[PDB]
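One protein chain, two forms: both are listed below as structure tokens, the first as structure 1 and the second as structure 2.
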Structure 1
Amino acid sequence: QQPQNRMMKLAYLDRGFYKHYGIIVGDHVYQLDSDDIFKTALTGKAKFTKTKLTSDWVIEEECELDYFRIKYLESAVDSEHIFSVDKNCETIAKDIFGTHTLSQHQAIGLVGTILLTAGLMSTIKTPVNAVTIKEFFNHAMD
């Protein structure tokens, strides 16, 4: 097995329409607290939480973080993003990255982008017609 810097154990809860992604660290999972992926997309806001690891979580795969760290610090130069944290994420940066190289704001920007993007990637392509737009619009309002 080759040398690796800090990895991310990417996992998901299967919500049928989409997969809700998280990063496993030890016995906990960092994740966006969203119930609905299109809700996050429409509101422009996403908050991290931390929950207990359970057997409902499925490992998607163990990925290198190196690429993302280099790419992130290249591009996101003290920029704003849509992510924040709840009360349970005091050690999120150190926990995920194993270092204080990244600030909390950077850590959650990078990881938030990963989790929301993965969620979005996993969404089932749905026909758009008068019926389905009503269905999803109705869901967006509730």
Structure 2
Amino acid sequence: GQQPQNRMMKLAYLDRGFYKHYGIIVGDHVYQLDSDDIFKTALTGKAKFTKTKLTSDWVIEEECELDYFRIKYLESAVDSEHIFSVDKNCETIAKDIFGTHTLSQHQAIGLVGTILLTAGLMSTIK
């Protein structure tokens, strides 16, 4: 067997008028928070990942190389339908980021979700 090539992942968004809804394109699928309103996500403090099929409505902002073997972190987040908090600042910093041990899938996905939320919220500043 062989070493799989990295895939290009893309950060992209759907313009939803009041905000830009961000997602991670891998192949012809887009990983994103399962939310139709960034404000609801922010106020409830919780989110879940979902996957949708790539469409022409997605606007690509950035591209970069993703380790083939990390794609399943995203797939697992969707499949497990797991909720995570986006308002547990203290433990995220002290345990996850500063914990200095390879992030768990749940730790990693939590941080990715925070990034997508941050991007959506930034987009609301008109």
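Shifts are known only where both forms have a C-alpha. Every residue number counts along structure 1's sequence, beginning with 1. Throughout, rigid core stands for the largest set of C-alpha atoms superposing within 1.5 Å between the two forms.
From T43, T117, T54, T99, residue displaced between structure 1 and structure 2 - CA threshold 2 Å or more, rigid core: Flagged residue: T99.
Core-superposed C-alpha of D27 shifting 2 Å or more between structure 1 and structure 2: No.
Angstrom displacement of the CA atom of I108 between structure 1 and structure 2, core fixed: Here the C-alpha difference is 1.1 Å.
Backbone CA shift between structure 1 and structure 2, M8, after core fitting (angstrom): C-alpha displacement of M8 between structure 1 and structure 2: 3.9 Å.
Core superposition result - C-alpha of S79, shift between structure 1 and structure 2, Å: On core superposition, this C-alpha lies 18.7 Å from its counterpart.
Shared-residue segments moving between structure 1 and structure 2, Cα shift 2 Å or more over 3+ consecutive positions, core-fitted: Those runs whose C-alphas all shift by 2 Å or more are 1-8, 63-104.
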